Each structure stands twice: as C-alpha cells, then as structure tokens.
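Trainee: I need the structure of the sequence given here:
(chains A, B, C, D and E, ligands or ions: 2)
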Amino acid sequence: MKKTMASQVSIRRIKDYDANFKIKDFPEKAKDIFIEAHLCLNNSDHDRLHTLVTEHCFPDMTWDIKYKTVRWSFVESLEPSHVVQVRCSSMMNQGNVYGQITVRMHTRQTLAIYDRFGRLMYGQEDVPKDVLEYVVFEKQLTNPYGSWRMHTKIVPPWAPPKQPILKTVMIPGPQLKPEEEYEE
Amino acid sequence: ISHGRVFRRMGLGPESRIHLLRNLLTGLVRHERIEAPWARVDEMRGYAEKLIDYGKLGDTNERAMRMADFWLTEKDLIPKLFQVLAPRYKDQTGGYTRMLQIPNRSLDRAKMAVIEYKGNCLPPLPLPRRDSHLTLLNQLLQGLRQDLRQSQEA
Amino acid sequence: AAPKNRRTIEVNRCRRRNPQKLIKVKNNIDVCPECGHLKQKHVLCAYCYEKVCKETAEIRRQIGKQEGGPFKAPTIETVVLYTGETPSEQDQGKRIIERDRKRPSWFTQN
Amino acid sequence: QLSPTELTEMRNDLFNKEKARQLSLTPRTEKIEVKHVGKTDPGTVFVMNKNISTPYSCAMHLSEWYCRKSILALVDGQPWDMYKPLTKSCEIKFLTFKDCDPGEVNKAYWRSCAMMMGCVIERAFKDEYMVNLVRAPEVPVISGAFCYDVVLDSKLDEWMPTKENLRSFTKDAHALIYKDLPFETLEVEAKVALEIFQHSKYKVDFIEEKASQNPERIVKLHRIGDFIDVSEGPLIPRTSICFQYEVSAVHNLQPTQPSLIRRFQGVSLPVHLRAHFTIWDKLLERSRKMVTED
Amino acid sequence: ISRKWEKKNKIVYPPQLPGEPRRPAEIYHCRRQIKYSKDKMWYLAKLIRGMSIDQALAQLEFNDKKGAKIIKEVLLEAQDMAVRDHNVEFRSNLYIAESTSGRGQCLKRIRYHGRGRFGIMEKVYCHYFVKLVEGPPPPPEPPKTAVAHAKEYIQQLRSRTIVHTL
Ligand SMILES: [Mg+2]
Ligand SMILES: [Zn+2]
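Mentor: Numbers count the residues shown, from 1 in each chain, chains lettered A, B, ... in the order given. Ligands and ions are numbered 1, 2, ... in the order given. For reference, the structure is listed below:
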C-alpha cells in the first residue's frame, strides 16, 4: 500500500466524499457483510440480499441455485482480512463516482448443495475446508444512501482446482452430418 | 379373383401402365440408378432385365433396334445401350440389376425402392452383408464341417 | 340410415381402445453397424443411403457440367476420379469425372 | 473338516472383505477422462470415477443399445470386463458378438460358460460325496464344446452319468441362467487368493502358476452368486447372455490309476446368435464327441 | 386456460436424510397447440406408455403417423433438460411414466355443401403431456396364474358367513 501511490490517492478521494472513513476497521465489517450475504442464500432472502450485495453480483449468487437447497455455514477464520488495494472510478464519467476496495479472504467455510429432489449433488455438509478467494467491494460514492457491498470475486490463474462433483459427466463429441467425415 | 395374374393394374390403363414403365426404364438407362415406388420398381425390373438381352442381340438386328426405339424415349441412349450396357454384361447371363428397399418417403409414406444396373460408376450402395465367418455360430458350424469332412475321407 | 340412439362413452372406449386398433410394437429394429443409427432389418439405413445420394448428386452435377447439353449420352464407360488420383492401367478410353474432394473411405476404388 | 455350506460362506466373506478393502484404499472421488474410440459416435469423452465407474456405466451414458449388445470392452487394445472398474483415464472401445473379428468375444463367452457349468458340478452331487475341480482348459471354440476337468469320489470309479443325469445338469444351468447372476470380477494378490482356495490343492497349483507367469504376481477371481472361481481372461457381463445351454457328455482321461480325471463337456449359444432346432441338434451330436487340446 | 404441467417442474423437495432411500428424478414436459387430433395422438401416447426413453424413440422413429415425429422431438428435449437441469446422471436411465393428449383450442370454419347447405368444420388442436422417471422401467404385471385363481376361490368360499341370522 505504501509503494502503490494510487491506493492512498483513492483513499483520500473516498475520504473527500465521506470524512468519517477508516481503513483499519473496514475489513471487520466487510467480513460481516460477506458472511451475512452468504448465510442469506440458505433461506434465499433476496429482499435483504439486495441491500448487502451489488446488482452485478446478484445474478451469480441466484441463477444456479434457483431450484436447489444450499446449506452454507461459517466455522473459522484462518487469517485476518487485509486491504489489498483501493481504487476509484473516473471523475464524472456518467454523473456518478464509484469506489472499489479489494480485500483478501483466507477462512474456513462449509457447503451443502442438494438437487430439486433433495439428493446431494455438491459439497459435503460436515467437514470444513480452507477457502482462499479475493473479494472486491464497491460503493456508490455520489449517492448519499450508497453503501459498500459484495461486488466481484477474483480467481487467480494459480488457484487450486475446485473439488470434483459427485456424479459422472459425459461430454459428446462433434456431431457429424452424413457428408462430413470424422476429423480429429 | 386374381389367380395367375402376373401384371399389376397401375396408372390410367394398359397404355398408361406401359408409358409409366417406359419412363422409369428410360431414367434407369440414362442415370443408371433411380428411386421409385416399390411396386413400380418391381414391375419395371423385368423390363429392365430383358432390355440387355435385346441389347446383346446386336444393333444390326432389326428386331432389337425397333424394340430399343420404342422403349427408349431419348434416342441418344440407344447407342449407349448397344455399346456400353451390352458389352459390360456380355459375360453375365442374368441378374443385371439389384433391387433394395429404402425408407419410406416423407410425402405420403409410400413404400420406396431403389433399382440400379450392376457395374455402375456411382458410389456403391450400403448393401446388406451376411454374418462374418469369424463369429461363434459360424465357427462352430465350420468345425462341424471339417470333422464331417475328415470322417468321410477316412 | 340414421343412428337411433346416442352411443355412450363406455361403448366407444370398448371400440376405440380395442387391441387390434392399437399400434403393434416393432421387433425388427437394429442399430447400423457403421454409423450407429437405427434401421430396419430389410430396409437400407437412412443415414447411409442419404449420404450416398448426396455424393451421387454431386457426381451427377459434375456429369452434366462436363456433358453440357441434352441428348449427348456418351458411348463409353465412365469412371469418377478424386483429388490426387491418376487414370489406372485398365482405365483407358473412358470418360473421366473430376471431383474436387477426397475419395470417401466407403467408396472403395476398383 | 469344513462343511460345503460353510466353505461358501467364508469364501463370500473373504471376497466381500477384499472388495471393501479395495474400495477403502481408493480415495473418495477422482475424475478420469475416458475417450470413446470407435466407428459409432466418435469423439465422445466420459469423465467417470476411478475404481467406481465401469465400461457398462459409460454404455448407459450413450444408449441401451450399447448396454444390450456390447459383450466385451476394449481398453487400450486389451480386453476388459464389462463390470470391471476402470483404473485410469484411457480410450475405450466396445465389442459385440456380430463384429468383424469377434475372437475375444467368443473366447470370453467360452470361458464364461465353463464357469457356469463348472459351478453346478458341486451342487449336483450328493453331500456325502466329495467333488474337487481341477482347472478350466482353454479349449478352442472350433473344437465344438467347452470342457472342465473334475475329480469325483472313490465310490464313483465305474459310475457314468446317464441321459437323465445330464438332463439334470442342464436344468440346474438353465435355472442359473434364469436367476440372471452378473459376472463380478476382482483383481487380487496371489497370497490373498491362496488363503481363499486353501482347501483345494488343484486351485492352489492354479494360483501359483498364474502368479508365476504374472510379473506383478496377482490373479483375477470371478464370482457368480455364492461361487468363486479362478479364471484367466475377461468374461461376459451376466449369465443371461447365453440362451441355449446343454452339457454333452462325460469322458474319462487317461491314465486313471494315479488319479481319476473326468472331462465334462458342453455346448452353448448366446441370445444374439440363436440357432434353429435342427442346427442345434447337430451341434449337440458333435459336442458329445470327446475333444482334447493341442 | 390451465398450465399446471409446466409449474410441476418448479416444485422442490426438502433435502433427504441418509436414512431414507433415493428419491427418483421426475420431469414434467408438455408441448401445446399441436396441429393434430387428440384422438389420433392418443394412440401414440398409449403406445410408448410405460416403456424406456430410448426404446420409445426407436418405436416412434419408424412410425408413419405424423404425430410420431412430434413426440420424438418432445421426448428428445425432455431428455436434454433432465440431464442438464434435473441432476440426471444417465440419459438412458429413464422410462415413460404417463403420456396422454388433451384437447387444445380449435377454430370453427364453414364447410360448404350442396343445395346451399353448409357444415361447421373444426381445425383441431391438441396438447401432449409426458412425464419421465429416472430408473429402469418397472416390470410388467405377470399374468395371473392358475394357482392364484385357486387360492382366490378358496378365500371367497372361506369368507362366507351365515346371513340374516344372529
Ligand atoms: Mg350456390
Ligand atoms: Zn447406417
């Protein structure tokens, strides 16, 4: 944060729009916001979820679990959250000013995803395992009623592969028209 | 009562029946492979078979020339019959054509068939093949044939 | 003649749902050894017959283009040749058809 | 000694214990990319589970035509049992009875019928008598019949089965076919198989020679119902594959003074290669003749 | 109108404890406003009723009736979303549970007759419903054997009492 001047330049701009702002306490509330967002998916309280996460993040948390039961819980936090980088939007781009804050998660979580008929599909509800993900928050600085919300998650190219699914999947090959011979 | 009646009642009458068969035969001569309703293919097959027999008689034979003139609406096919088809089957005494069943056409679900002259330049049809000699049933029968063969010679 | 009384649904069910009125199950269905599509025992496979016709149509289109006019049927044999092919020793004095394609595997060359 | 009814119980328990152990050492869920290589529906890729999925499971993914017709699976060019779990990601090919060269399918069918017919030998005879099988000779298909080597008690030195006795053997086999037992395979260490068949000297010799020719010193055991046998090579998936079954006759090998060897013989034909009654009758006459390996 | 069949795919059951067995997957699919007679389509629906998905497709492919191809596509797309969206592992592990046809909305047209008369013809439309259940098709009910007749007759004889008395 010291060697990246753009981070503090972004921070002072956020302080310009809101004087009562601190960086040493944001990770604690951000983790609370992150946890509150995820436990919401258990009961699918989309009304309150609108106040906790961004409109861009909403489709990613709802579309794939529309007719599924999610049993998500938080057990432990391995490492305290750190403010990786803070950046702001361009000035007067479309009449609004946005601010992005990037924070790093290294905690322990639990997943239990069931299908339409209640049969287990993904995750296992008992054993927790370490989760390493990067979390970016956004807030509408210009809007007086704006607030920081879950916006986007970053997947590093070196991230470990996700846990394999329970069932087997067959991938069809290239379907061939009668005149089209098979080509590797 | 239709006992021994070997000719189907097709078309508008005996004249139309001959004309319909003649048109199918002419297309079979020109294109060497045509598809038509199954019943019409079977009826036309006999006329197609006998055409080569008249073609083998030679173009100088006046009876064959008159028969070829009537049965070939397009006059350009007469030299082809007397100089291409007849020389090709000179060593063959029968079975110049093979007839197969194809899936029914979507227009009226009619029984469809394909008839073509053997030795054509077109790509081969997916002819049905009997079982290979390497299968379990064939191998067992082959073993019976050998053991029976060794029993009689001894 | 006109019906005397209205036929009840019980009678109609006994007639419409008669066993011979039902569609009989076909037991002459098998998979094609080459393409894997369903076919009848006594009927040529739809997939393989149709792919032969398209090749035949393409060759026949080449036949007419080289022909260039009706009532000009050649008095010689015909042999179709694909890309990277040369006339054979027995292929002499016969009309040659050039196809801008590779010879199919099922199209065995004589 | 141990009664036959308890010998099957402990052998089944050992087989189940080994099967549980093989599953236990296997991790929970691993994905193997199995690619479908064949003339029908090429390029299909199956992402299955190691040591859990089977070539039959891949067959159900495509269609029931593969499940009904594919008698053998070809993994990397070597034959593979239909219900044998896969151990690695590899190309897969399926074989049917009506193929260009169904040599492996016929050989797999030939050995499969030997075990079925061999299984009913123990249950056929009286409890007081003792029956101890020797081995399953790899008799060629063209011989006309499959054979199994059995040794009977010292009471039945001059006893030869009649027509009714051979009829009873067929009836038991048809009931075995009717019950529709799938063929279960298990690749196991030689020492594990030795303690399973410690009560049979001939099976012990068969296990030790199979381990000798195998560099890994492991043998494959196949199970049908409650019966376990040491067989070499893949088998057909289930007992319902064979349609026409019959045991031809019984022949005595020579010499008999050191040991009495009875060569039971029979012939079979699957559902896919059903034959006419007259044709089957001639095959029965041919199969009754004694056959010996080269 | 009523469209309850479409909503039948939106019901979600609570997660199952390991004690209870596996709940078989079920999929509700239907095609509306087909230019076909419901009576004629009933025969095809009854034909493929109770059979496997792939066996039903084979039977429908070689059927000459026009409705056969309509059901064939309906079965094909029903199998697609079953594996893709309904957690179905094997696409061939499906059997037809119920298949039926219902009357759709139809128009009324005039058919001219001689002597200035007329008749009201009707352009018939119909719907087709189908439900697919994961798993092998259940075995058909075996014919009731003679011994089954024997015990049933005995039971009737043993179940008779002295009537119109104490
Ligand atoms: Mg008028
Ligand atoms: Zn085909």
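Trainee: now residue A:39, what's its secondary structure?
Mentor: Three-state assignment for residue A:39 (DSSP: H, G, I helix; E, B strand; the rest coil): helix.
Trainee: just the CA trace of stretch A:167-184, in CSV.
Mentor: Output in CSV follows, covering the C-alpha atoms of stretch A:167-184 (Å, rounded to 0.1, in the frame of the first residue of the first chain):
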residue,chain,number,x,y,z
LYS,A,167,-21.8,-37.6,-10.4
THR,A,168,-20.1,-38.6,-13.7
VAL,A,169,-20.5,-36.4,-16.8
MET,A,170,-20.3,-37.5,-20.5
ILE,A,171,-19.1,-34.9,-23.0
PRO,A,172,-20.4,-35.6,-26.5
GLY,A,173,-18.1,-35.4,-29.4
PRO,A,174,-18.5,-33.4,-32.6
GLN,A,175,-21.8,-34.4,-34.1
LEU,A,176,-21.3,-35.2,-37.8
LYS,A,177,-23.5,-34.6,-40.8
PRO,A,178,-23.6,-37.5,-43.3
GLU,A,179,-21.4,-35.7,-45.8
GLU,A,180,-18.9,-34.6,-43.0
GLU,A,181,-16.5,-37.3,-42.1
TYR,A,182,-15.0,-37.6,-38.6
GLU,A,183,-11.9,-35.3,-38.2
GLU,A,184,-9.8,-35.3,-35.0
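Trainee: hmm, it touching chain B?
Mentor: No - remark: stretch A:167-184 sits outside contact range of chain B, by Cβ under 8 Å from any Cβ of the partner chain, the gap being at least 11.5 Å. Quick note: C-beta positions are derived from backbone N, CA and C, even for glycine.
Trainee: which positions in that stretch come out as buried?
Mentor: A:167, A:168, A:170, A:178 (16 or more other Cβ atoms under 10 Å in any protein chain shown).
Trainee: check whether it contacts ligand 2.
Mentor: No - applying Cβ under 5 Å from the ion, one finds stretch A:167-184 separated from ligand 2 by no less than 9.1 Å.
Trainee: just the CA atoms of stretch B:80-97, as PDB, please.
Mentor: This file holds the C-alpha atoms of stretch B:80-97, laid out as PDB (Å, rounded to 0.1, in the frame of the first residue of the first chain):
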ATOM      1  CA  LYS B  80     -25.300 -46.300 -75.100                       C
ATOM      2  CA  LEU B  81     -27.400 -49.500 -74.700                       C
ATOM      3  CA  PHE B  82     -25.800 -51.200 -77.700                       C
ATOM      4  CA  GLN B  83     -22.200 -50.100 -77.000                       C
ATOM      5  CA  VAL B  84     -21.900 -49.700 -73.200                       C
ATOM      6  CA  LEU B  85     -24.500 -51.800 -71.300                       C
ATOM      7  CA  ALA B  86     -24.400 -54.800 -73.600                       C
ATOM      8  CA  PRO B  87     -20.600 -55.100 -73.700                       C
ATOM      9  CA  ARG B  88     -20.500 -54.800 -69.900                       C
ATOM     10  CA  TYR B  89     -22.800 -57.800 -69.400                       C
ATOM     11  CA  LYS B  90     -21.600 -60.000 -72.200                       C
ATOM     12  CA  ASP B  91     -20.100 -62.500 -69.800                       C
ATOM     13  CA  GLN B  92     -23.100 -62.300 -67.400                       C
ATOM     14  CA  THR B  93     -26.200 -64.400 -68.200                       C
ATOM     15  CA  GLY B  94     -28.600 -62.900 -65.600                       C
ATOM     16  CA  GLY B  95     -29.200 -60.600 -62.600                       C
ATOM     17  CA  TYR B  96     -28.100 -57.400 -64.300                       C
ATOM     18  CA  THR B  97     -29.900 -55.300 -61.700                       C
END
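Trainee: what's next to that stretch, contact-wise?
Mentor: For stretch B:80-97, contacts defined as Cβ atoms under 8 Å, 6 or more residues apart in numbering or on different chains pick out B:29, B:45, B:48-49, B:51-52, B:55-56, B:58-59, B:64, B:68, B:72, B:115-119, C:73-77.
Trainee: same thing but 7 Å
Mentor: The contact list for stretch B:80-97 (Cβ atoms under 7 Å, 6 or more residues apart in numbering or on different chains) reads B:29, B:45, B:48-49, B:51-52, B:55-56, B:59, B:68, B:72, B:115-119, C:73, C:75-77.
Trainee: same thing with stretch E:41-61?
Mentor: Contacts of stretch E:41-61 (Cβ under 7 Å, 6+ apart): C:22-23, C:25-26, C:29, C:38, D:63-64, E:65, E:67-68, E:71-72, E:75, E:79, E:92, E:94-96, E:99-101, E:126, E:128, E:132, E:137.
Trainee: show the buried residues in the residues you listed.
Mentor: Buried among those by 16+ other Cβ under 10 Å: C:29, C:38, D:63-64, E:65, E:67-68, E:71-72, E:75, E:79, E:92, E:94-96, E:99-101, E:126, E:128, E:132, E:137.
Trainee: so how far is stretch E:59-71 from its chain's centroid?
Mentor: Centre-to-centre, stretch E:59-71 and its host chain are 16 Å apart (Cα atoms, centre = their mean, to the nearest Å).
Trainee: stretch D:38-53 now?
Mentor: For stretch D:38-53, the distance to the chain centre is 25 Å (Cα atoms, centre = their mean).
Trainee: check whether that stretch comes near chain A.
Mentor: Yes - counting by Cβ under 7 Å from any Cβ of the partner chain, chain A is contacted by stretch D:38-53 at D:41, D:42, D:43, D:44, D:45, D:46, D:47, D:48, D:49, D:53.
Trainee: from these, which are also near chain C?
Mentor: Checking these against chain C (Cβ under 7 Å from any Cβ), the matches are residue D:41.
Trainee: which other helices and strands contact the helix or strand hosting residue B:66?
Mentor: For residue B:66, the element it lies in under DSSP states H and E is helix B:62-71. The contact analysis (3 or more Cβ pairs under 7 Å, 6 or more residues apart in numbering or on different chains; DSSP states H and E) places helix B:62-71 against helix B:38-56.
Trainee: next, the buried residues of the longest strand that chain A contains.
Mentor: In chain A, assigned by DSSP state E, the strand with the most residues is strand A:120-140. Residues of strand A:120-140 classed as buried: A:120, A:121, A:122, A:123, A:128, A:134, A:135, A:136, A:137, A:138, A:139, A:140 (neighbour count, 16+ other Cβ under 10 Å).
Trainee: so in that sheet, which strands flank that strand, and in what orientation?
Mentor: With DSSP bridges as the test, strand A:120-140 is paired with strand A:98-114 (antiparallel), strand A:149-154 (antiparallel).
Trainee: now those strands in JSON lines, with distance to ligand 2 and mean neighbour count?
Mentor: As requested, these are exported to JSON lines (distance: least, Cβ to the ion, whole Å; neighbours: other Cβ atoms under 10 Å in any protein chain shown):
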{"stretch": "strand A:98-114", "distance to ligand 2": "42", "mean neighbour count": "19"}
{"stretch": "strand A:149-154", "distance to ligand 2": "49", "mean neighbour count": "18"}
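Trainee: would a markdown table of those strands with distance to residue D:193 be doable?
Mentor: Listed next are those as a markdown table, based on distance: least, Cβ to Cβ, whole Å:
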| stretch | distance to residue D:193 |
| --- | --- |
| strand A:98-114 | 42 |
| strand A:149-154 | 53 |
